[PDB]
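For reference, the chain that follows is the form deposited in one PDB entry, supplied as structure tokens.
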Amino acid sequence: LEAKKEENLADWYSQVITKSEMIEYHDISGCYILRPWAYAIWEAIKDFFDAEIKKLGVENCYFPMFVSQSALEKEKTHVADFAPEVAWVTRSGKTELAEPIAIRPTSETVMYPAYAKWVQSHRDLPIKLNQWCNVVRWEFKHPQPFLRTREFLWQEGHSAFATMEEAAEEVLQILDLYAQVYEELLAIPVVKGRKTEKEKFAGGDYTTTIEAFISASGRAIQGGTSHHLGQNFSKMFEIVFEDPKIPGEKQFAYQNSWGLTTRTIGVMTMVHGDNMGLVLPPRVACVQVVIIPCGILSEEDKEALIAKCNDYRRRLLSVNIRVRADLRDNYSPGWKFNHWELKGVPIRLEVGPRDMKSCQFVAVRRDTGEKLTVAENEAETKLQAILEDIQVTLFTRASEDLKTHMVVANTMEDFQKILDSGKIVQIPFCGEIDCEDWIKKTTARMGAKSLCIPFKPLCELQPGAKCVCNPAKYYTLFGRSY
């Protein structure tokens, strides 16, 4: 790895993702191969998220990837927003299909006619379904692996309710889980918030979101979303039920949908990645500790060196640490050091003959570079500590970054200045589509746009305060965006 993060980011990213063996390029643009090293991160995100939504009563399922023209261009607004970026299938082999079929950009239009069939009374609710699948949004903006791709893996949850109370409860429950994924697993702090009128999910009542900041970009990125759809969809798809306690009055279901994707891995790369390459937080790292023999003159002494590598491995397995021992003899110690640094392994455990004699090993923390000489009988205690402290450090540094590039401005002039150093700004705002488009026009002379309206904003808004422009309604976090 030659390229440096501080100067050229695009070249750095492309080198980091390929040399870590996370990503290979495909001949179709906007499409990327997720290799084992990347896919394992997603698998850890899944193991956690799945277990958590199961407690909330959600069940896993699989719906078809194809939507009919009828199901789609039946209902407006939602379909109106996605329409341009929907990939259409128009032939099998040489045979033109009589009716074009669409690839899923999201599964509302696929799921809800099935929900309408399954809802026939109050006791068929709630319906709480999730799926792990691929989705396609065939946009032409500059793609980047993980962050911005045409095909991507996600989960999508869709729940339908008798009462608004249960639905509103679920939206926030889910949004906290998405925040838990970013802060606990990936050591990325997030701003919980609400989307503006312009940015909200097309058909829905409201949209909650977690935002994260990428230092080197000077840009922010939506990292997860939880919608309340209200009854907008239940009315369009006739998901209705009678309740004999409200005679005759048809009750349209209350709905949420929620989504999280492999963008999660890209954000991780952007935040914690350095000039040595990938940096894995221990909690998602599929290899937490890599054991490497050094000094490798007798056959018996090399055998014993290998054995001490295996002892360290088994001990680490016993305190629930994910450990590989690179005992391959085709490559030098120095080659392996660089190989596993690039891949982002939290801890490299060096074992040489002189250190065996001394009853020590070297633990090399990937975040700090910290060469630490550790006593042999403390491996478990100290590795754990370093591991959990690597997590805490990565979170601390990224938090410190966040409350450094997230600041408050009250006027258009002071918004403009702060913004062009690579920062994100909470400004007083009136929430108008017109007022938001104008901001984008002016702020570009790479235009800036809104991110979220935070649940815990930095300041309270003054009684009678004018929007950075009609009076304001809330502080709205704005910025340059992915």
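The first residue of the shown sequence is 1; numbering continues from there. For the two forms, the rigid core is made up of the largest set of C-alpha atoms that agree within 1.5 Å on superposition.
Missing residues, deposited sequence, between residue 296 and residue 297 (class: none, 1 to 3, 4 to 9, 10 or more): Gap size class: 1 to 3 residues without coordinates, per the record.
Residues of the deposited sequence left unbuilt between residue 470 and residue 469: Missing in between: 1 to 3 residues.
Comparing 240-248 with 283-291, the one whose average Cα B-factor in the PDB entry is higher: That would be 240-248.
Mean temperature factor over C-alpha atoms, higher-scoring stretch between 15-23 and 454-462: Result of the comparison: 454-462.
Options 326, 73, 108, 311 - largest CA temperature factor per the record: Comparing C-alpha B-factors across 326, 73, 108, 311, the top value belongs to 73.
Peak C-alpha temperature factor (PDB record), options 136, 345, 119, 407: Result of the comparison over 136, 345, 119, 407: 407.
CA B-factor placement of residue 129, once the chain's modelled residues are sorted into thirds: Bottom third by C-alpha B-factor.
Where the record places residue 264 (Cα B-factor, split into thirds across the chain): Its C-alpha B-factor belongs to the lowest third of this chain's values.
Assigned third (lowest, middle, highest) for the C-alpha B factor of residue 60: Bottom third by C-alpha B-factor.
Record-listed C-alpha B factor of residue 362: chain third: Middle third of the chain for residue 362's C-alpha B-factor.
Position of residue 378 among the chain's modelled residues by C-alpha B-factor, lowest, middle or highest third: Highest third of the chain for residue 378's C-alpha B-factor.
Below, we turn to the form deposited in another entry, even though it does not appear here.
Entry of 205, 389, 341, 75 that shows, once the rigid core is matched between this form and the one not shown, a C-alpha shift of 2 Å or more: The only residue crossing the 2 Å threshold is 75.
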